[PDB]
Amino acid sequence: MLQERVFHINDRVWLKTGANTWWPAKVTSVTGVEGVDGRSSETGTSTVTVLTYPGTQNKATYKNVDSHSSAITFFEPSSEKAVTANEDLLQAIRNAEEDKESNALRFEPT
């Protein structure tokens with residue numbers, strides 16, 4: 001009984017940092033209780049902690065939230081439309097590109 005789309009570790013989505021600054025977000029599928037995300041936050045406190053990828057100047061942070069979908073969209077970056085003069089945005093653009101619900105699946109790891 002899943003939704004229309006599928007959820008993966010990579011989770012290709014867009015996160016808004018302000019107004020003209022956005023960064024890639026990936027859900028590791030980590031609850032903050034004991035697996036309450038399989039039912040509903042209404043039960044206890046099902047919190048899904050996600051950790052993006054490290055950039056060139058900014059490092060990935062970890063935050064626990066029900067989903068934060070109201071802050072992040074479901075799509076991919078434009079790259080060129082994001083290119084301007086953001087060192088951090090540059091590195092973020094690369095990650096978001098690599099993370100496509102199939103990261104570390106086709107290419108061999110380190």
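Residues numbered from 1 in each chain as written, not as in the entry; some residues may be left out. Heavy atoms only, no water.

Method-wise, the PDB entry is recorded as coming from solution NMR.

(A) Representation of the overall build of the protein. If you tally the helices and strands in the protein, you get 1 helix and 6 strands. Of the regular secondary structure in the protein, the N- to C-terminal order runs β-β-β-β-β-β-α. The C-alpha extent of the protein, read off along each of the three principal axes, is 45 × 35 × 25 Å. In the protein, buried positions account for 27% of the 110 residues. For the protein, long-range pairs separated by at least 24 residues make up 50% of all intrachain contacts whose partners lie at least 6 apart in sequence. (Helix = DSSP H or I, 4+ residues; strand = E, 2+ residues; numbered from the N terminus. Buried < 20%, exposed > 50% of the residue type's maximum accessible area, 1.4 Å probe, protein only. Contact = heavy atoms within 4.5 Å.)

(B) Up close: the nonpolar core. If you look at the biggest cluster of nonpolar residues, it comprises 5 residues: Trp 23, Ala 82, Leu 89, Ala 92 and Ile 93. The leading source of residues in this core is helix α1 (residues 87-98), at 3 residues. (Core = buried A, V, L, I, M, F, W, Y, C linked by side-chain atoms within 4.5 Å.)

(C) How the structure looks around the packing of aromatic side chains. Evaluation of the coordinates by the stated rule reveals 2 aromatic pairs. Note on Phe 7 and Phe 74: the rings are 5.8 Å apart at their centroids and 75 degrees apart in plane angle, and the pair reads as edge-to-face. Residue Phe 7 is found in the segment before β1 (13-16), and its partner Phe 74 is found in the loop between β6 (72-73) and α1; the two are separated by 67 residues along the sequence. Look at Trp 14 and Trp 22: their rings are 4.4 Å apart centre to centre, the planes differ by 45 degrees, and that puts the pair in the tilted class. Using a relative accessible area of 19% as the deciding quantity, one classes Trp 14 as buried. (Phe/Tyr/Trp six-rings, centres within 6.5 Å; stacked < 30°, edge-to-face > 60°.)

(D) Just the sheet that holds strand β3 (residues 27-31), in detail. Within the open sheet, the 3 strands sit side by side as β3-β4-β5. Their pairing is antiparallel. Every interior strand has two partners, whereas the edge strands, β3 and β5 (62-65), have only one. For this sheet, the mean inter-axis angle between neighbouring strands, taken without regard to orientation, is 30 degrees. Note: β3 against strand β4 (residues 48-51), 3 bridges, orientation antiparallel. Counted as the bridge partner of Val 30 is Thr 49 from β4. (Pairing = 2+ DSSP bridges. Axes fitted to C-alpha atoms, helices over the stretch in contact; angles between N-to-C directions.)

(E) Representation of the side chain of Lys 26 within the structure. Mapped onto the fold, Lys 26 is located in the loop between β2 (22-25) and β3. Of the buried charged residues, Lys 26 lacks a salt bridge, with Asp 99 as the closest side chain of opposite charge at 6.3 Å. Beyond its immediate stretch of four places on either side in the chain, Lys 26 contacts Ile 9, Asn 10, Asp 11, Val 50, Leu 51, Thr 52, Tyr 53 and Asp 99. (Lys, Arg positive; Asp, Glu negative; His and termini not counted. Salt bridge = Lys/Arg side-chain N within 4 Å of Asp/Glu carboxyl O.)

(F) Up close: the sheet that holds β1. Read from one edge of the open sheet, 3 strands run β2-β1-β6, paired in antiparallel fashion. With partners counted over all chains shown, the strands left at the sheet margins are β2 and β6, one partner each. Pairing between β1 and β6: 2 bridges, direction antiparallel. Looking at the pairing, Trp 14 lines up with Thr 73 of β6.

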